[PDB]
């Protein structure tokens, strides 16, 4: 048994999970888990248990769990870079794929794998280099990833009629390839838009994925590489129901390769209801700081907040959520900032707001959850390190999110998930149906 080759490890895990699901469906396949109402159909399947997605699960008490592990558990258990304290995305992906915390050796192996597979074909480089500056970074990302499907081993093998039993293998290879390439596509977009088309340089075969990424972005600050490791780890997955995960799932169910599936997912992520909360918080912070200065007292800030909520406006990043308490993905970033930039004026405001907003929201009685989420904290940190181009923040989210959705995609094909095909009805149709 190979102790580092993820593919071999995954081959040994698959049959056992297949057997387990086969037995589960024999015994409980007919078990009802919910009802479908008219309202659910009009309201985007809200509250409808609709799909199986294995890699992550929202714990109402603890926040998002990656294969049963909470964020704080991942923070402790996942390997780090040498001389680093943030969990490496590699180890997260290993976790999502195998269900097991990787060893150091396993993480180091994965790093080398993604470094080896990182080449872009010249047609994708040419295409990126020709895009104009008014083409949104997310559109460049999706178009380039679609154009990378020329490299798909799965598309080619399916056309030669390979056995169903081998689908996950080729899906695994393509997903590994795509993950390897993403930092190169993303950095090329960053440089072409915001560094006058300068080169991304080379991949170093001895660096982790995050560090090749920050190098290609043109950053040379060890704590920005640490932020990037954390960022990429914690945004990696958040169940199957969000649009980006669901889009990848749905497209992937037609046996579209991972490049096609992931690019479609990015078009969903680009949606202003899925993809912009981080930017929105940062815009609002920046306006607030311009209005009241960089050194407002707790008392004046409490009045400002009181007045903003009383005039029907929200505080971005606060007030929505299933969670009873602060999103651990917020806490992570607060810890980071307390260690590395405690004197930063914008961070101090973000920290002031953390003390004040929740108690004001409780008092006003309007919001069910007064605590902030991950997007409340991310922007201030990216800006601190020089990453000020807010349009680009969603590309970072997408590079992260590739980890979760592609880890699931492998499993979807390993377990033989069929085509996603719900039944639609018209309003006219539904009206007739209910009269019966």
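Residue numbers count along the first chain shown, from 1.
Asker: Highest mean C-alpha temperature factor of the two stretches 165-173 and 298-306, which is it?
Answerer: The stretch with the larger mean CA B-factor is 298-306.
Asker: Which has higher Cα B-factors on average according to the PDB entry: 79-87 or 311-319?
Answerer: Looking at the recorded C-alpha B-factors, 311-319 comes out higher on average.
Asker: Of the options 370, 398, 43, 68, which has the highest CA B factor as deposited?
Answerer: When the deposited C-alpha B-factors of 370, 398, 43, 68 are compared, 370 is largest.
Asker: For the C-alpha B-factor as written in the entry, point me to the maximum among 345, 183, 275, 102.
Answerer: Each of 345, 183, 275, 102 was compared by C-alpha B-factor; the highest is 275.
Asker: Report the third (lowest, middle or highest) to which the CA temperature factor of residue 421 belongs, ranking only the modelled residues of the same chain.
Answerer: For residue 421, the deposited C-alpha B-factor lands in the middle third.
Asker: Mind checking which third residue 287 falls in for C-alpha B-factor across the chain?
Answerer: Its C-alpha B-factor belongs to the highest third of this chain's values.
Asker: Please rank the C-alpha B-factors of the chain's modelled residues and tell me whether residue 55 sits in the lowest, middle or highest third.
Answerer: For residue 55, whose C-alpha B-factor we compare with every modelled residue in the chain, the answer is the lowest third.
Asker: Hey, what third does residue 239 fall into on Cα B-factor, ranked over its chain?
Answerer: It belongs to the lowest third of the chain when residues are ordered by C-alpha B-factor.
Asker: Against its chain's modelled residues, does residue 381's Cα B factor rank lowest, middle or highest third?
Answerer: It falls in the middle third of the chain.
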